[PDB]
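Peer 1:
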Amino acid sequence: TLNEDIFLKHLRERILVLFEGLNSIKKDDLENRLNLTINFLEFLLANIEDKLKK
Ligand SMILES: [Mg+2]
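Heads up, the sequence shown is in the deposited numbering, so the first residue is 113 and it goes up one at a time.
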């Protein structure tokens with residue numbers, strides 16, 4: 113069963129690597145979208161405050 117053990121252990125590692133890559137990709141995409149929304153809200157806040165000082 114040696115060949116079986118090698119294939120299964122490598123397959124486990126491949127699954128873990130796939131999960132690690134998927135989580136990295138999702139984290140980057142989430143960071144991008146969060147930065148967009150946060151910048152939008154900061155621009156809105158700054159514009160509102162500039163509109164209030166006048
Ligand atoms: Mg790993």
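The beta carbon of each residue, even a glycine, is placed where N, CA and C say it ideally should be.
Hey, would you say the C-beta of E132 is under 8 angstroms away from at least one heavy atom of ligand 1?
Peer 2: Within the cutoff, so yes.
Peer 1: Looking at ligand 1, does it come within less than 8 angstroms of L128, judged from the CB to the closest heavy atom?
Peer 2: Answer for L128: yes, Cβ within range of ligand 1.
Peer 1: Is any non-hydrogen atom of ligand 1 found closer than 8 angstroms to the C-beta of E161, if you look at the structure I gave you?
Peer 2: Checking the Cβ of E161 against ligand 1 gives no.
Peer 1: Please state the DSSP three-state secondary structure of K121.
Peer 2: Correct three-state label for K121: helix.
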